[PDB]
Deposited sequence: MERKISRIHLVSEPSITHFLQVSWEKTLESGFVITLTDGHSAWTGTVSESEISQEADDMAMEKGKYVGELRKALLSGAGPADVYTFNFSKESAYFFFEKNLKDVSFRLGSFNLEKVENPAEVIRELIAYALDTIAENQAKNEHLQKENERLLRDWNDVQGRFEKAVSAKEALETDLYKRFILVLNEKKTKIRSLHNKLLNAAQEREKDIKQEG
């Protein structure tokens, strides 16, 4: 089960910052839970796989294309509106010279906000913990690879410089062995001239 917590601004309260928390399993397509909080109260809503695809029909959009717009708008120009009196939440998209309602939810005021706010904060701290650990693991691999690279690069340097010393070093030896054969040939010729 995954979740995203975004910071948003409501049209009717540009002053205060609100938090939108969206949670789901696998994909938003199979339904999700959305929670709105101002750090004091909290409003929740559940959107079933049934409702989502129902919305994808009323629009005439592929369930895929429609879920795509929600991902861009809810998981973070998008505009958000909320009425604390009706608990009705809706957001719109704003393009060049036009804007249009993109969706809405009837949220319900939560009975124990503190519990919700405490779980949200707890999640954020766990996430900070997990992310800091990964930052360490990847930081060391970055180090291992750095070293491993230098190693091989050294091997390369040494190998190429050896392929460039070969011809010259093997040829001297060849001349040495060869000269010995020649000397033996000379002495034998010499000895055959003896008799």
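No C-alpha positions are given for the deposited-sequence stretches 77-82, 202-213.
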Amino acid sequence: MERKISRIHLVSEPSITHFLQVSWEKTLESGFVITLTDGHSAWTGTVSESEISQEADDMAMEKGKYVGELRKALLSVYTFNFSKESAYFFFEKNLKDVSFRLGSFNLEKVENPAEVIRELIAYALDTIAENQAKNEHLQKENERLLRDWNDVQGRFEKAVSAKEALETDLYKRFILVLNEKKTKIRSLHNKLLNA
From here on, numbers count along this sequence of modelled residues.
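Comparing 2-10 with 185-193, the stretch with the higher mean C-alpha B-factor in the PDB entry is 185-193.
When 118-126 is weighed against 95-103, 95-103 comes out higher, by mean CA B-factor as recorded in the entry. The PDB entry gives the largest Cα B-factor of the residues 170, 33, 159, 70 to 159. The deposited CA B-factor of residue 134 belongs to the middle third of values across its chain. Sort the modelled residues of the chain by CA B factor and residue 47 lands in the middle third.
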